[PDB]
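*Asks:* Provided hereafter are the protein sequence and its experimental coordinates.
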Number of protein chains: 2
Amino acid sequence: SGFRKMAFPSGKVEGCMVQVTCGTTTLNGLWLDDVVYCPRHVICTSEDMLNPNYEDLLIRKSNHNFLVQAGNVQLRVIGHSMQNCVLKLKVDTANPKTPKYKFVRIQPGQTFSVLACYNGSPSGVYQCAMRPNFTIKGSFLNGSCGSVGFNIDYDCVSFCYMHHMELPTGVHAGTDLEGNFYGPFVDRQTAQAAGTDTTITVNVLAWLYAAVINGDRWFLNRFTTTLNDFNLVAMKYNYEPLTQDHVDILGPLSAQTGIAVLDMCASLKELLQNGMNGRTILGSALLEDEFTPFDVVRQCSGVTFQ
Amino acid sequence: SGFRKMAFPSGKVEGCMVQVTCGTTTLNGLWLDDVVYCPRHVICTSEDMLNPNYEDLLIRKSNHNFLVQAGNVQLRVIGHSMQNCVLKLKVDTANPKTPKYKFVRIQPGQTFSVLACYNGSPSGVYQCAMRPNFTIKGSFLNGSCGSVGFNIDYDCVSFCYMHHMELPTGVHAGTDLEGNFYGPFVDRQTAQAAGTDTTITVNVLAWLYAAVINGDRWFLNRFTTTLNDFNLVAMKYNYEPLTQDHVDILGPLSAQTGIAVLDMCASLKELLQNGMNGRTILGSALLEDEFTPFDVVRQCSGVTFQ
Ligand SMILES: *[C@H](O)[C@H](C[C@@H]1CCNC1=O)NC(=O)[C@H](CC1CCCCC1)NC(=O)[C@@H](NC(=O)OCc1ccccc1)C(C)C
Ligand SMILES: *[C@H](O)[C@H](C[C@@H]1CCNC1=O)NC(=O)[C@H](CC1CCCCC1)NC(=O)[C@@H](NC(=O)OCc1ccccc1)C(C)C
């Protein structure tokens, strides 16, 4: 038993990380087949970043201005193009380590693993949730741009996030692998509002089920509630409203524990209204919302990949 | 910026994971050069586990009784031996993916990444601390035995932990790669006491420095303290006593932030005596002790590996 925030094994993604340099700027790229993907702001100087005209900036660049290193194995750039906020560099060699892969645009509340990288070299791996306001709470320093987020389904890597910038609150923003930002953000160094974040209610409930499965369970109470009654409580505490779709997604955990979803909602409502009274659940003194149901099921069924 | 509990990239270790089967029991092994390492309890049946005579049980076994699969690539066993609580199977093929590696026995309070594995296939990766009572708080199900803990120093993997069992409190116990348990535990299915755990004070202080570096810093107070005065507080709250060696290890973080170590101890003393009053530090409502100083420095300097 035990429950930990767990990232996917990163080896398949490690073999795809390269370094991209344009002039003074170095960041990470993702090398799949004969294409390298990276943030288009690799082309910006420190004064372009305040209000860049990316079309005009890219026109000044030719293939030979993009330096791509894989380790110290190095790639010849034979074409370049901009797709939304990502630059796509065609290279003359297909990555021999390309895994089976897909590009996916994830939904708010879903989770993924981040392989944080500097100069094309992996530094660490951790699990993130895409917040309801389309930010992530990551760990990113200068040079981490182009680091990617991903999920694995057995042998297939689903890339879902590429890192671009940090907002004025320490939270992080980036794009899918077609270069479309999650949320309202633009790749300009200017003040940008993320807007109110909310707690991912279905994930909190999934984590309460994980706690029961692991014997942590003082919070189970006597009451039940209704989906409309609970949602009145969710509103006051900035929790996402719970829908029947969420109830259905929680079905397997409900069946495993024998605790009806609305009974668990009643326990959650009392935790929200009364706090935890200095106690903990699965080692946390806060209600955790970065585990999806489905993360919970895999962690307590032992799903593997390769 | 931002601070996350981050594991090492796992690819170098993924290429070393194999499946070991003896009779009815399947677990994970570690394949380095021409040797496969796994828990010796792979030889036990469900009624051996209550009081096993490992010498007598192993004598019944020959090389051909140990089935080792690498993926579905499969290895011929040409010798076997028991070293403390690990079994070492000599195979006829050296692992072509063997990284540069060392076996290390870590100290209590140090951290490492765990690659949780089932049937020789990686499932996930997370960071653990070896508690002062020589347990870890992991996430391990049936079949995870033989999963390993490790650190990376650029290109060298230091293996430090192999998982063996779960105690009567949900905490986990295992050995170094020479098969010596951390702590007082034996590989028998019998009630076993871990003894009182304590909080890793130098790690809490390192994490408070990480918080200041990230602008989280309401807890900085007006006071200072002495190492002897602070240790009186540490005693009452089951914190490890702070030594000058710990102060010296905190030197770089002290120099980076301009906060004297004993001033940070005074902030910690007030957090211990008064709690956090419903506030958070780096997203946690508890004092976190599973980051070493040195983890903090790498996370806020961007150290990479490959
Ligand atoms: C690429 O390695 C970095 C990664 C960030 C550095 C520290 N944490 C990070 O996640 N990205 C950048 O340095 C960004 C440069 C890009 C160039 C032009 C296109 C968009 C930005 N810049 C940032 O992340 C900066 N944040 C930012 O621009 O947010 C807008 C803002 C500015 C002022 C006040 C409010 C909001 C970051 C602060 C360095
Ligand atoms: C190998 O895959 C598993 C991993 C554990 C299963 C669930 N969580 C785990 O970490 N290891 C085992 O199943 C252990 C078998 C070994 C065979 C004989 C040598 C030592 C054990 N068994 C356990 O981990 C069990 N725990 C245990 O034996 O602790 C001692 C104990 C027993 C009763 C009351 C107090 C303490 C576990 C409970 C299945």
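*Replies:* Looks like it arrived, so ask away. Numbers count the residues shown, from 1 in each chain, chains lettered A, B, ... in the order given. Ligands and ions are numbered 1, 2, ... in the order given.

*Asks:* which parts of chain A sit against ligand 1?
*Replies:* Residues of chain A lying close to ligand 1 (CB under 6 Å from any ligand atom) are A:27, A:41, A:44, A:49, A:140-145, A:165-168, A:172, A:187-192. Heads up, the C-betas are built off the backbone N, CA and C, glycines and all.

*Asks:* Could I get the full set of helices for chain A?
*Replies:* In chain A, the segments counted as helices under DSSP state H are A:11-14, A:54-59, A:201-213, A:227-236, A:244-249, A:251-257, A:261-274, A:293-299.

*Asks:* Which of the ones you listed sits closest to chain B?
*Replies:* Nearest to chain B, of all these, is helix A:11-14, at 2.9 Å by CB to the nearest CB.

*Asks:* Pull out the buried positions in the closest one.
*Replies:* The neighbour-count check on helix A:11-14 (16 or more other CB atoms under 10 Å in any protein chain shown) flags A:11-14 as buried.

*Asks:* Also stretch A:178-195?
*Replies:* Residues of stretch A:178-195 classed as buried by neighbour count (16+ other CB under 10 Å): A:179, A:181-183, A:185, A:187-188, A:194.

*Asks:* Pick the one among those closest to residue A:213.
*Replies:* Using CB to CB, residue A:182 comes nearest to residue A:213 of the buried residues of stretch A:178-195, at 31.3 Å.

*Asks:* State the distance from that closest one to residue A:24.
*Replies:* Distance of residue A:182 to residue A:24, given as CB to CB, to the nearest Å: 28 Å.

*Asks:* before we move on, what about residue A:137?
*Replies:* Where residue A:24 is concerned, residue A:137 sits at a distance of 29 Å (CB to CB).

*Asks:* So for the two, which sits in the more crowded spot?
*Replies:* Just comparing residue A:137 and residue A:24: by other CB atoms under 10 Å in any protein chain shown the higher neighbour count belongs to residue A:137, 17 against 8.

*Asks:* what's the neighbour count on the closest residue to that one other than its chain neighbours?
*Replies:* Among residues not flanking residue A:137 along the chain, residue A:171 sits closest, at 5.8 Å (CB to CB, 6 or more residues apart in numbering or on different chains). Number of residues near residue A:171 (other CB under 10 Å) recorded here: 18.

*Asks:* these two touch, right, residue A:171 and residue A:134?
*Replies:* No - using CB atoms under 8 Å, residue A:171 makes no contact with residue A:134, being 9.9 Å away.

*Asks:* what do these two both touch?
*Replies:* The overlap between the contact sets of residue A:171 and residue A:134 (CB atoms under 8 Å, 6 or more residues apart in numbering or on different chains) consists of residue A:194.

*Asks:* Now do stretch A:26-44: distance from first to last residue.
*Replies:* End-to-end distance of stretch A:26-44 (CA to CA, to the nearest Å): 11 Å.

*Asks:* tell me which residues in that stretch are buried?
*Replies:* Using 16+ other CB under 10 Å as the test for burial, stretch A:26-44 gives A:26-32, A:34-44.

*Asks:* Now find how far off-centre it is within its chain.
*Replies:* Remark: stretch A:26-44 is offset 19 Å from the chain centroid, using CA atoms, centre = their mean, to the nearest Å.

*Asks:* Domain-wise, how is chain A divided?
*Replies:* Under the assignment CATH domains of a matching chain, the domains of chain A span A:1-14+A:100-197, A:15-99, A:198-301.

*Asks:* close to chain B, is the second one?
*Replies:* Yes - contact between domain A:15-99 and chain B, assessed by CB under 8 Å from any CB of the partner chain, occurs at A:15, A:71.

*Asks:* can you give me the strands for the stretch 1-150 of chain A?
*Replies:* A:17-22, A:25-32, A:35-39, A:66-70, A:73-75, A:77-83, A:86-91, A:100-103, A:111-118, A:121-129, A:148-153 (DSSP state E, counting those that start in this stretch).

*Asks:* tell me which parts of chain A are close to ligand 2?
*Replies:* So chain A meets ligand 2 at residue A:1 (CB under 6 Å from any ligand atom).

*Asks:* Determine the longest strand present in chain A.
*Replies:* Ranked by residue count under DSSP state E, the longest strand found in chain A is strand A:156-166.

*Asks:* Pull out the buried positions in it.
*Replies:* A:157-166.
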